[PDB]
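[1] I would like to see how this sequence folds:
(one chain, ligands or ions: 2)
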Amino acid sequence: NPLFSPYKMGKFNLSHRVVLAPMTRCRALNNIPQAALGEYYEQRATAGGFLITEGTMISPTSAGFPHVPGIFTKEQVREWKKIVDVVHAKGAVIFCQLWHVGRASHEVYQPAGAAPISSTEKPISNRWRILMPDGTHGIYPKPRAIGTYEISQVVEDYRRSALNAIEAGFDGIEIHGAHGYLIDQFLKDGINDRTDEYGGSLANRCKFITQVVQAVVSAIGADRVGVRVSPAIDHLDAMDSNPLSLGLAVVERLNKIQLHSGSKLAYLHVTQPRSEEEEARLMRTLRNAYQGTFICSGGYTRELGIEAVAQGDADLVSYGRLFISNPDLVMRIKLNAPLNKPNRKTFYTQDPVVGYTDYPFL
Ligand SMILES: Cc1cc2nc3c(=O)[nH]c(=O)nc-3n(C[C@H](O)[C@H](O)[C@H](O)COP(=O)(O)O)c2cc1C
Ligand SMILES: [Cl-]
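    Numbering: from 1, shown residues only. Ligands and ions are numbered 1, 2, ... in the order given. Have a look at this structure:
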């Protein structure tokens, strides 16, 4: 089984290729990592296995979901440390995903009920609704477009959050540059209508992700930095006129960062949408262009993951929904055992046990 051959992810020696995908679960009450998160990540931890956390706030303005953890206060760092410690005691490697939602927020999630920030003043359309703290759905508002000084401030929030992650003991961080959140609001020409040096051309639209990645690389080192993008996922009105072109432009900037650093990033992580053959060729084209480790994600099964590694299409395969419902997903894939079905009703609810740690083991 090629999913169970070992893999060197830079200085991290993985024993198998099954990765916990980052997943917002909303159990981090009032943005504090809770003991429940330790139980949940401990259940899914394996010796030599890689875990990526749910998206994690980099600043008081970065959230657009309730009860998502932060890593920008020293209190948050203190609580994360306890979670990292129980994961490392099972021999897993764990990265913290650093997440800013940009325009995908609401007054209820912002300090002083201020407007969310973005590359432009265009809001998400009424085809999308935001989950509110009371479990109903709300309207996305008009964001505020930020200038070049404030862009540098947001880059510094990424930098400080990455340093905080290392202080908590994380092995590395992942930059969340996908799914129509802040970075993707600069990448996608369906959102970025700027006329300054962050808008227009592919080089200009790539400037923000390049500045973010360079900042976290200088702070903690390239081999502790993973990058996640999704050029072909249209979520939250995040379309590009040429997804393959945009994706290859991002890869170009990552290859160039690696060569200036004399080091490789931890990985490039790309989620696909589910023309099945065109999307497959889009993924293989990004992988072939990127000089390093490639994680694929989005709709993978046991059989689709074995085939991705066997055919050279990916080095690592991350799983989301099957890892919600199967704490021992790795062992179930190894044994080719039945899989529990996930209950979508409790994906984002607040109970520390129900729908979170009570899916059974084999
Ligand atoms: C409940 C839920 C929350 C998610 N939260 C995040 C997130 O916080 N960050 C992110 O980059 N992707 C997030 N994702 C996407 C997953 O990381 C992953 O790409 C997707 O689940 C993989 O597809 P699969 O579920 O078919 O395995 C989330 C997915 C789900 C179902
Ligand atoms: Cl997401």
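
[2] When you work out contacts or count neighbours from here on, use the C-alpha atoms and nothing else.
    Fine.

[3] For the most centrally placed residue in the chain, give its distance to ligand 1.
    Centroid-nearest residue in the chain, with CA atoms, centre = their mean: residue 176, separated by 4.1 Å. Distance of residue 176 to ligand 1, given as CA to the nearest ligand atom, to the nearest Å: 6 Å.

[4] now residue 188
    16 Å.

[5] what's around the closest residue to that residue other than its chain neighbours, how many residues?
    Nearest residue to residue 188, sequence neighbours excluded (CA to CA, 6 or more residues apart in numbering): residue 240, at 5.0 Å. Residue 240: 21 surrounding residues under other CA atoms under 10 Å.

[6] show me the contacts for residue 240.
    188-190, 231-232, 246 (CA atoms under 8 Å, 6 or more residues apart in numbering).

[7] Show the buried residues in those.
    188-189, 231-232, 246 (16 or more other CA atoms under 10 Å).

[8] can you list these in TSV and add secondary structure?
    Shown next, in TSV, are those (DSSP: H, G, I helix; E, B strand; the rest coil):
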residue	secondary structure
188	coil
189	coil
231	coil
232	coil
246	helix
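
[9] Check those and tell me the two furthest apart.
    Pairwise distances among the buried ones among the contacts of residue 240 were taken by CA to CA; the largest, 12.2 Å, belongs to 189 and 232.

[10] Find the residues that touch each one of these two.
    What both residue 189 and residue 232 touch, as defined by CA under 8 Å, 6+ apart, is the set 239-240.

[11] ok, back up a step: tell me the phi and psi of the residue nearest to the centre of the chain?
    Taking degrees, to the nearest 10, you get phi -80, psi 100 for the backbone angles of residue 176.

[12] Quickly list what it is bridged to.
    Judged by DSSP bridges, the bridge partners of residue 176 are residue 228.

[13] returning to what we had before: would you confirm that the residue nearest to residue 188 belongs to a helix?
    No: assigned with three-state DSSP, residue 240 falls outside any helix and is coil.

[14] So it versus ligand 1, what's the distance?
    Counting by CA to the nearest ligand atom, the gap from residue 240 to ligand 1 is 18 Å.

[15] and if you look at residue 252?
    In terms of CA to the nearest ligand atom, residue 252 sits 21 Å off from ligand 1.

[16] again, but for residue 46
    18 Å.

[17] Run through the residues that contact that residue.
    Per CA under 8 Å, 6+ apart, neighbours of residue 46: 90-92, 330.

[18] about what we covered before: rebuild the buried ones among the contacts of residue 240 as TSV, extending it with distance to residue 212.
    Listed next are the buried ones among the contacts of residue 240 as TSV, based on distance: CA to CA, whole Å:
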residue	distance to residue 212
188	16
189	19
231	17
232	21
246	17
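
[19] still on that earlier bit, just name the closest of the contacts of residue 240 to residue 139, please.
    residue 190 (19.9 Å).

[20] burial of residue 134, as a residue count?
    8.

[21] For it, give me its contacts.
    Residue 134 neighbours (CA under 8 Å, 6+ apart): none.

[22] and it, which of the three is it?
    Quick answer, by three-state DSSP: residue 134 is coil.

[23] mind checking how far it is from residue 261?
    46 Å (CA to CA, to the nearest Å).

[24] okay, now residue 202: neighbour count?
    The burial count for residue 202: 17, using other CA under 10 Å.

[25] Tell me how far it lies from residue 290.
    17 Å.

[26] Over to residue 165?
    26 Å.

[27] just residue 228 next, same as before
    13 Å.

[28] which residues do those two both contact?
    residue 268.

[29] what comes up buried for stretch 4-15?
    7, 9-10, 12, 14-15.
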